[PDB]
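Enquirer:
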Amino acid sequence: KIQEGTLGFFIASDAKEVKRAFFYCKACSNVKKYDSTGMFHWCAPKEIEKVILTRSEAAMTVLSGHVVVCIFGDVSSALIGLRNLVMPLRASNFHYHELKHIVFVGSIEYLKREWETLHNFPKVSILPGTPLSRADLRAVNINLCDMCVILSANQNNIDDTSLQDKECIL
Amino acid sequence: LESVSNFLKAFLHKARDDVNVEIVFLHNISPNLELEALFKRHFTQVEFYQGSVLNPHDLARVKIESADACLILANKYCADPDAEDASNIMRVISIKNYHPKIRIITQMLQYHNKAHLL
């Protein structure tokens, strides 16, 4: 129940319409499954070697309704924060059966840099390869996926600005 | 200077008789003294414009809709051939977005990258 004066967030066409809200009267067994706060799903740390998927292993594994994140990065690329993409996808208000598998398609050299912030999540897999490889995309069953996210992980490039989305567009 | 020199030697040749086409270069880097001199030597049939083929306004400036063809030259001597091939493919994408019916002849550096044109 609301109490005293509480700010409400409204979606409206104009401020004059939302001003009407203020001028209103009725008549006139014991295993750690979450983090410390319980806000996000948590898992025991895993070595990166455990989650690496080869083309054959990923092909035999069936992946449906997952999320395929294709990243264009190398060892010297600037680190985007991938934990900011995984954390909202493991938010403790989705059931563990509702969590979507996240498969990272990109250079393993780049992902080894960022795995220190990602190893504490339930279901994440890595396929070392290239987002531009049709074989790699077919191994991850990209036609069965819920969403494919093409990230310009090589944001640190400085070129003719228009030629900065070339890899994502291709 | 080098690429335009080779292109003009192969294209604007004295032995060639029927030349009713006018060459229009569109590049976002201002030519140096030698390139300006080379353009001046062929002033009657060669024009240069400072713009980006990826900018629709610059495409409108060079009259892409009325252009008979668009020829894209590649940097043969570059550290990353794949990056240059991707840049040329993106230029093709921009030109086709502006005018899908224009004829394009593009230079590619690697065989596999040609697949991206399909």
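Protein chains in written order, with PDB author numbering: chain C, 588 to 615, 681 to 822; chain B, 353 to 470.
We treat Cβ as the ideally placed atom computed from N, Cα and C, and that holds for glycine.
(1) What residue does the alpha helix (DSSP H) around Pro433/B start on, and which one ends it?
(2) Any contact of the stretch 403-413 of chain B with the stretch 441-451 of chain B, i.e. 3+ C-beta pairs under 8 Å?
(3) Any beta-carbon of chain B closer than 9 Å to the one on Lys818/C?
(4) Where does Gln397/B fall in DSSP's three states?
(5) Quick check on this structure: which residue in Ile760/C, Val714/C and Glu750/C has the alpha carbon closest to the alpha carbon of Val727/C?
(6) Would you please verify whether the beta carbon of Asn380/B is less than 9 Å from any beta carbon of chain C?
(7) Buried or exposed for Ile778/C, please, with buried defined as at least 16 other CB atoms from any protein chain shown within 10 angstroms of its CB.
(8) Listing by chain order, which chain C residues have their CB less than 8 Å from the CB of residue 550/B?
(9) On the DSSP bridge list, what partners appear for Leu715/C?
(10) Starting from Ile456/B and walking both ways along the beta strand (DSSP E), at which residues does that stretch end?
(11) Can you confirm whether the stretch 736-743 of chain C touches the stretch 593-608 of chain C when touching is taken to mean that 3 or more C-beta pairs between the two stretches lie within less than 8 Å?
(12) Between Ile821/C and chain B, is any beta-carbon pair separated by less than 9 Å?
(13) In its own chain, which residues sit with a C-beta less than 6 Å from the C-beta of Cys797/C, not counting the 5 before and 5 after it?
(14) Who are the near neighbours of residue 471/B in its chain, counting only those whose CB is closer than 7 Å to its CB and skipping five residues on each side?
(15) Pick out whichever of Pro452/B, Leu470/B, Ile456/B and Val373/B has its Cα sitting closest to the Cα of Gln397/B.
(16) Find out if the Cβ-Cβ distance for the pair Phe597/C, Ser744/C is shorter than 9 Å.
Expert: From the atom records:
(1) On the second sequence, residue 433/B is found 81 positions in, with the first residue counted as 1. From DSSP, the alpha helix (DSSP H) with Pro433/B extends over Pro433 to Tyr450.
(2) yes
(3) Residue numbering aside, residue 818/C sits at position 166 when the first sequence is read from its first letter. By this cut-off, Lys818/C is an interface position.
(4) Stepping through the second sequence from its first residue, residue 397/B is reached at position 45. Here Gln397/B sits in coil by DSSP.
(5) Position 75 of the first sequence, counted from the start, is the residue given in the question as residue 727/C. Per the Cα distances, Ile760/C.
(6) As a working note, residue 380/B is residue 28 in the second sequence. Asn380/B counts as touching chain C.
(7) As a position in the first sequence, residue 778/C is number 126, starting the count at 1. Under this definition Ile778/C is a buried residue.
(8) This structure does not reach residue 550/B, given that chain B is present from 353 up to 470, and the question cannot be answered.
(9) Working through the first sequence from its first residue, we reach residue 715/C at position 63. Looking at the DSSP assignment, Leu715/C forms no beta bridge with any residue, so it has no partner.
(10) Taking the first residue of the second sequence as 1, we reach residue 456/B at position 104. From DSSP, the beta strand (DSSP E) with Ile456/B extends over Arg455 to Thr458.
(11) no
(12) Counting from 1 along the first sequence, the entry for residue 821/C is found at position 169. It does; some Cβ of chain B falls within 9 Å.
(13) The count along the first sequence starts at 1 and reaches residue 797/C at position 145. Excluding residues within five positions, the ones whose Cβ falls inside 6 Å are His718 and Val720.
(14) The question about residue 471/B has no answer here: the residues shown for chain B are numbered 353 through 470.
(15) Reading the second sequence from its first residue, position 45 is the one you call residue 397/B. Answer by Cα proximity: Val373/B.
(16) Start at 1 with the first residue of the first sequence, and residue 597/C comes out as number 10. Start at 1 with the first residue of the first sequence, and residue 744/C comes out as number 92. Not closer than 9 Å, so no.
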